[PDB]
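As C-alpha cells, one chain now follows by itself in the form deposited in one PDB entry.
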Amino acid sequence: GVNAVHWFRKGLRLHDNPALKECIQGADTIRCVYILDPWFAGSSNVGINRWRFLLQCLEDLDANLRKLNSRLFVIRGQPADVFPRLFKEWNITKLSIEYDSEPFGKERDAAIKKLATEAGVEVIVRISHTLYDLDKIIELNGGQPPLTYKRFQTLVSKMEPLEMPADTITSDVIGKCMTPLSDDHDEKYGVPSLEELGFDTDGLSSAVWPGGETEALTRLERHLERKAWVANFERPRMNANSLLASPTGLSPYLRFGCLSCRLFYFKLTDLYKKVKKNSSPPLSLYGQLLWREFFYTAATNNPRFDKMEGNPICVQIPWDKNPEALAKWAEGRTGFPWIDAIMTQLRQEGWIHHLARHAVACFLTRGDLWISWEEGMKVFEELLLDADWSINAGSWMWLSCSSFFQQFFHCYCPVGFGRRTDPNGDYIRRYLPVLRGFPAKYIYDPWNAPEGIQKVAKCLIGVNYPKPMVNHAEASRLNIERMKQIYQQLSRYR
C-alpha cells in the first residue's frame, strides 16, 4: 500500500504538525522515526541534560503515539546511511519533515531528498518551526536579513496573517492509516536510556526541566495565566525569584518543538483580545517569538553564522586564547560566587535567566577574560537546553559587541550585580553549598571575609573555594579601553 514515514528532528509534537498531518492523508501505513546518533562526532559537544531532555521528549512522543495505536521508531545512525535501508525494508513511498532553516540542516535535507527521489519516494516539507517562511522576510528586506530588531518588526508587520495551526493528530485523523508493529519493538526500535548512551546516572537528581509535548502544553497554560494575573504581556522585571526555573518557562520546549510557536502565537492573541478588549495587538505581545524569529532569519543564509573569521556580519575582534581561564569559567570555579553560582545552575539544570546570561557572558568576553564569544557559545551549546545553532550564535555575537550594531553595554560587576539582585545571597547558598556559612556581608566577595569568619564557615578561600581568578577592577578597566579603541576604529575590524 501507501507506506508513509514522518521524520522527527525538531517539531517533537503531535499538535500543529502540518508535515505529519499531510503525510498521514491518503496513507495506508505510518511510521514516525527519530534518527539518534549519540556518538556522532558532530554531537560530541552535547551535555547530559540535553540528552536527558531529548530522550524525555522521545518517551513522551512514544507514549502519545501508543494512544493512537502506533509507536515511535528510534533508528541509530546517520540519516544518509539509514534511510536507503528503511525505504527498501518498509516499501516507503512518502517521507515528511518539518522544514529546517539552519544551513547545515538545509544541506542534510537536500541530500535526503535526493535519496528519496532515487527510491521513488515523495517528500513533504512544511514550515512550522518558525512563524514565517524566513526566505520571504529576507526577500521583503531586499535580499539580506535585517540586523536590527526594529527593522525586523517592520518587516513582520507587512507579512500576511498567520495561517491557522494544523489539526492535532488524533485517532480520527489517523483513520484507516495503521502502524505495523513487532513483538520485539522495544528491543529493536525503543527509546534508549541515558545508561544506554554510556552515562552514569547514580545520584543524578530528577530533571528540573522535564522534556516533552505534554509538559510543554501544561506550561503554556501556566505562562498565559501569569500574564493574565497582571494584565500585562510584557516581560517582567527580574528579581531574585526570577533566577529560579519557572513552571511558566517555555524556552526549551520552543527549541525542541515540543510547543508550536504558532500555537503560542494564537494563544497569546486570543488572551490579549479578551484581557485588553482589542482586536489589534501590538507586536510587543509576540516579543519572545519575534526575537527568536529574528535570529533564525539572520542565520538561515549564513553558513559561518557561528564563527568570527569569514562571517560577513561579525566584527573581527582580537580575542585572547586562554584555555585555563576558559575552563575556570565553564566549570564555575572563577572564585566569584555570583558567576560560579550561575554557571553551576546552568550545568546542573540547563537553564539560567537572561540577565544571568548577560552576566556570565560579559565576564568571559568583553568584561573580564577577553575570551572569544565562540568559546562561550560552545559551552552554552553543551549545557543550555534552549540553545540552538541560530539563537546561540546570534546572542553571543550580540552581547560581545560583535554584530547587530551593539556597542556600549553596561560592564557587569561580578560582585555588585549579584549583591543588588539578591542581597541576602540565597541564590549563592542554593548552588554553592561550600559558602553557606558565610554571612551576607561577605557572600559575594568571600576573599574579603576575615580569617575567623572563613574558619567558622569551614571554608578557607584558596582551599575550599577558589580565589577570584582576576582583579575585576583592573581587568574591566583594560577591557573597556580595548573595546573603546576597537569601536574608535571600527572599520579597521570589518
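Between two forms, the rigid core is defined as the largest C-alpha subset superposing within 1.5 Å. Note that residue numbering begins at 1 and tracks the sequence as displayed.
Just so it is clear, the following notes concern the form deposited in another entry, a form of the same protein that is not shown.
No residue in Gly105, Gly77, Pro281, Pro192 other than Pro281 shows a CA shift of 2 angstroms or more between this form and the one not shown after fitting the rigid core.
Put the two forms on the same core and the Cα of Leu68 is off by less than 2 Å between this form and the one not shown. Once the rigid core is overlaid between this form and the one not shown, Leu55 does not reach a Cα shift of 2 Å, moving by less than that. Here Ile30 does not count as shifted, since its C-alpha moves by less than 2 Å between this form and the one not shown after the core is aligned. In the other entry, the CA atoms of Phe409 and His353 sit farther apart than in the displayed form, by at least 3 angstroms.
In summary, the C-alpha positions of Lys176 and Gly11 converge in the other entry, ending up at least 3 angstroms nearer each other than in this conformation.
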